[PDB]
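Asker: Got an experimental structure here, sequence first:
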Amino acid sequence: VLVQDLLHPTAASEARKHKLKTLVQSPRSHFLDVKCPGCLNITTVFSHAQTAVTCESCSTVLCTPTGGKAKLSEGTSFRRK
Amino acid sequence: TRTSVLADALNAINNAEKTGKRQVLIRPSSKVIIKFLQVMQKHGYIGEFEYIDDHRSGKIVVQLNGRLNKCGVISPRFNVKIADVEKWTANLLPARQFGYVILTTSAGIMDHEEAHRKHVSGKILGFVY
Amino acid sequence: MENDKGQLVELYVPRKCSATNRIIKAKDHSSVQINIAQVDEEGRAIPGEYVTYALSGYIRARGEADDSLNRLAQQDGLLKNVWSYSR
Amino acid sequence: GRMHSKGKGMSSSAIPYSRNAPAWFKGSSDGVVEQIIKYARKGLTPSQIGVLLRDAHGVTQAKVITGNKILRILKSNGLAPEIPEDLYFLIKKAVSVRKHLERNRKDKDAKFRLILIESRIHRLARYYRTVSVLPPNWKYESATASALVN
Amino acid sequence: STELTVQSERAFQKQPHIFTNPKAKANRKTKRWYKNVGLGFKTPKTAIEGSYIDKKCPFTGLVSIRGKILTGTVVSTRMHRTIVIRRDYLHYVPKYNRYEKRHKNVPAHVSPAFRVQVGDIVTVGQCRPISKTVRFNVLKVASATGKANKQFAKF
Amino acid sequence: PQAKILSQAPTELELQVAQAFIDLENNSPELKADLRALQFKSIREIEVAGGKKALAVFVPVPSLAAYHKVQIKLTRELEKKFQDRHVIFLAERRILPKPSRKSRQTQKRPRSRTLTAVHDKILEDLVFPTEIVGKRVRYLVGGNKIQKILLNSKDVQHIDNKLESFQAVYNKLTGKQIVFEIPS
RNA sequence: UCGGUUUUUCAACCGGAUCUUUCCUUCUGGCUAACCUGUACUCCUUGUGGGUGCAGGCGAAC
Ligand SMILES: [Zn+2]
């Protein structure tokens, strides 16, 4: 109110506010770099899916698409970006 | 539809001034808006202002002096004919004296005094008194 | 304002609020003069000399007034840390 | 604020500030292009292709990675559909609705929805005509629409 | 516009006071008379290479362009050798200080020196009253193609 | 290899740069053949207020990706050989003028040869493989447009000793005042 | 100076010419006007104070 030095707010406020209504819009969606229990290879997989996502060639299935963030297949390790 | 953008820019600014915000965020923000703001600045109505280069459309943050009273944009851009100017100023501005009618011309977006001096007029955008 | 060859007219030159620059009106039965004492070491509150503000009725009425006063304080160095640029 | 309901949604895909490639996310451009072409060959439609790229492979938006769009790329390789993807989908939907109506004689709501669909189609048709993607004086509706679909 | 036939009326038609001598040897045979209309217009070669007669043509006839020269879109091609231009303009009502999209149709005779299709803008000229309503001759169908050679989307 | 890898070759500075490049070629597997397919359109010397100097090396454009593939190492090497002075790899772009109401049609301009676009490209390029976050533009009461450029909070130190120099270069190029910034 | 007059000290103010990474529709020839000029050099204050002058060549002065 009255004065809010606008352009630079705290990271917390940005995190809270709808990710469209911010200053410079950036997606708050990651790329899970995922590893499977099968082969020793990592796949760059978007945090959301819309697709049942198999591996590079293997029929392992990494992520099952729910409404939002993809719930990973039971026990699969994953990095970030 | 956000049909006119200058209008939108001014409206929010006006609201801010009425409340007593020291700063406004303008959503779409054009060449035209920027030029208008520059004009306002030149006669000291607006403080600093910062155009965010959104890798999209635009965004303007304004600093308000509290020297603003009403900034209006007139609805169609009436083509205006050098004598018409006088009439408009009589209608739109609180004195024969001060404040400005911000008309776009071929020579650029000027106030009205400047236009008169330059001896060129065109369509009107806004005003600032 | 001035009658041609100098000679000031227009009396009662309005107080402007320090927070909003909005004119403090004649019957601003809402506005206030805030007076804050210039201060020194051991006892010492220096009588006669204040850092002064005026707050216009309207801001106060709205409710957001305390924060404005804080802001004013932080500018004239009457406070540090209390009020920040970003909220 | 939504072309047909009273609803005013703002669910939408956002975009990142960088037009430049996201640094670490490797591969190339040629590979991406190849992938896109393969997908096109398989019968998928632009949006679908993009989706496939984004999730499984190292893709954000083809524009960022290749330079050109998806549709543009398709056009270049000559694999793009004759009736634009969205329009085609609309037509399909319309056909479905018509079929439903054929079966169910009393289903007023369905009819109403069909009307809206038709209107949407008309709008789209007009705009394609204007930008010259559908050859002029081609109208898309009820009898021929079904034939067009597949 | 005419379109083929050349010499198909009840009468048989030629350009007047212009005559082809059977005595002299010429491979070109017929002498065509043309007219440079002026006013910075390039007189279309499709008259000089042409074969039609047509009395209301500005190049290969006695009709001569003076006074007004206007432009505007072609609405209607539906009748023979003439066209309906629609010269659309904005007329001002002061009481409101605003404007009207106003109609008005100029019928203009078209020389077959032109291929004119619906929607094409035409620099038309004023002249000697051709007939009843028609007091203009099509001078420049400036829109040569308007995407006709490049209509196809595929590379 | 002296007066050859320069597109059009007149100046002594250019020759010196070519010589330096030749010297660099002694590395072999990574810094040769990749460096052979690279040309300098010209070099522009920009004097920076603070003792140090800046060198803008102009590149014909289809070469830019290749340059970026190398750049950092190359820049370091150049700094080592041409001491004190900093080096900016820049891309020369045409900047075709605006069509006037009268002026005869230049078969349309592409949004690539527009001034603004060119300037943006320069900003992208002149600043390292750092990649610009956001821009602000300030307009100050006096009437001074000040571009403010936001940089990635990672990498960073590849830019610190050059920021002023970068600013100076930009000013010499365009006229606009840049300020560089990095958030916390 | 016998109430007006013009420069310097000074600004704002409109205008024009420009280079800048930036062209004003383009040339066939008139006409070049003056120097980018120099062919002899000097009337001459110890000299870039001053140009009558004809062979390479500025076009905008239309
Ligand atoms: Zn895996």
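Answerer: The structure has been received and is ready for your questions. Numbers count the residues shown, from 1 in each chain, chains lettered A, B, ... in the order given.

Asker: How about the secondary structure of the residue in chain E that the ion sits nearest to?
Answerer: With C-beta to the ion, the shortest gap between chain E and the ion falls at residue E:155, namely 38.0 Å. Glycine gets a C-beta too; all of them are placed from N, C-alpha and C. Here residue E:155 is recorded as coil under DSSP: H, G, I helix; E, B strand; the rest coil.

Asker: Residue D:78 is in contact with that one, correct?
Answerer: Yes - using C-beta atoms under 8 Å, residue E:155 is in contact with residue D:78, at 5.4 Å.

Asker: For the residue of chain E found nearest chain A, give its distance to chain D.
Answerer: Residue of chain E nearest chain A, by C-beta to the nearest C-beta: residue E:153 (28.8 Å). For residue E:153, the distance to chain D equals 6 Å [C-beta to the nearest C-beta, to the nearest Å].

Asker: ok, that residue - contacts?
Answerer: Applying C-beta atoms under 8 Å, 6 or more residues apart in numbering or on different chains to residue E:153 gives the contacts D:75, D:80, D:133.

Asker: Counting neighbours, which of these comes out on top?
Answerer: Comparing those by number of neighbours (other C-beta atoms under 10 Å in any protein chain shown), residue D:80 comes first, having 21 neighbours.

Asker: On the three-state scheme, that one is what?
Answerer: coil.

Asker: Touching, it and residue D:74? I think so.
Answerer: Yes - here residue D:80 reaches residue D:74: they are 4.1 Å apart, a contact under C-beta under 8 Å.

Asker: ok, the closest residue to chain C within chain B - how many residues close by?
Answerer: Closest residue of chain B to chain C, C-beta to the nearest C-beta: residue B:66 (2.9 Å). When neighbours are counted by other C-beta under 10 Å, residue B:66 registers 19.

Asker: Using the three-state scheme, assign it.
Answerer: Residue B:66 - assigned by three-state DSSP - is coil.

Asker: Give me the distance between it and residue B:101.
Answerer: Going from residue B:66 to residue B:101 by C-beta to C-beta, to the nearest Å gives 22 Å.

Asker: For residue D:145, what are phi and psi?
Answerer: Dihedral pair for residue D:145: phi -60, psi -50, per degrees, to the nearest 10.

Asker: Give me the contacts around the helix or strand where residue D:48 lies.
Answerer: Using DSSP states H and E, residue D:48 maps to helix D:47-55. Identification of contacts with helix D:47-55 by C-beta under 8 Å, 6+ apart yields A:45-46, A:48-51, A:53, D:32, D:35-36, D:39-40, D:44, D:59-62, D:70, D:85.

Asker: OK, contacts around the residue of chain E closest to the ion?
Answerer: Residue E:155 sits next to D:75-78 when contact means C-beta under 8 Å, 6+ apart.

Asker: sorry, back to before: closest one of the contacts of residue E:153 to residue D:109?
Answerer: Ranked by distance to residue D:109 (C-beta to C-beta), these are led by residue D:133 at 32.5 Å.

Asker: Does the closest one touch residue D:84 like I think?
Answerer: Yes - taking contacts as C-beta under 8 Å, residue D:133 lies within contact range of residue D:84: 5.8 Å.

Asker: rewinding a little: need the contacts of residue E:155 in TSV (columns: secondary structure and distance to chain B).
Answerer: Listed next are those as TSV, based on DSSP: H, G, I helix; E, B strand; the rest coil; distance: C-beta to the nearest C-beta, whole Å:
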residue	secondary structure	distance to chain B
D:75	helix	25
D:76	helix	25
D:77	helix	28
D:78	coil	32
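
Asker: Can you say which of those residues are buried?
Answerer: Buried members of the contacts of residue E:155, scored by 16 or more other C-beta atoms under 10 Å in any protein chain shown: none.

Asker: Enumerate the residues of chain D near chain A.
Answerer: D:10, D:12, D:14-17, D:24-25, D:51-52, D:54-58 (C-beta under 8 Å from any C-beta of the partner chain).

Asker: what about stretch C:30-45 and chain A, any contact?
Answerer: No - Stretch C:30-45 does not reach chain A (C-beta under 8 Å from any C-beta); its nearest approach is 15.9 Å.

Asker: Could you work out the end-to-end span of that stretch for me?
Answerer: Length of stretch C:30-45, first residue to last, C-alpha to C-alpha, to the nearest Å: 28 Å.

Asker: got the buried residues for it?
Answerer: Buried residues in stretch C:30-45 (16+ other C-beta under 10 Å): C:31-32.

Asker: List the residues that contact residue B:102.
Answerer: Counting by C-beta under 8 Å, 6+ apart, residue B:102 has contacts B:36, B:39-40, B:109-112, B:124-128.

Asker: how near is it to residue B:89?
Answerer: From residue B:102 to residue B:89 the distance is 11 Å (C-beta to C-beta).

Asker: Overlap in contacts, these two.
Answerer: residue B:112.
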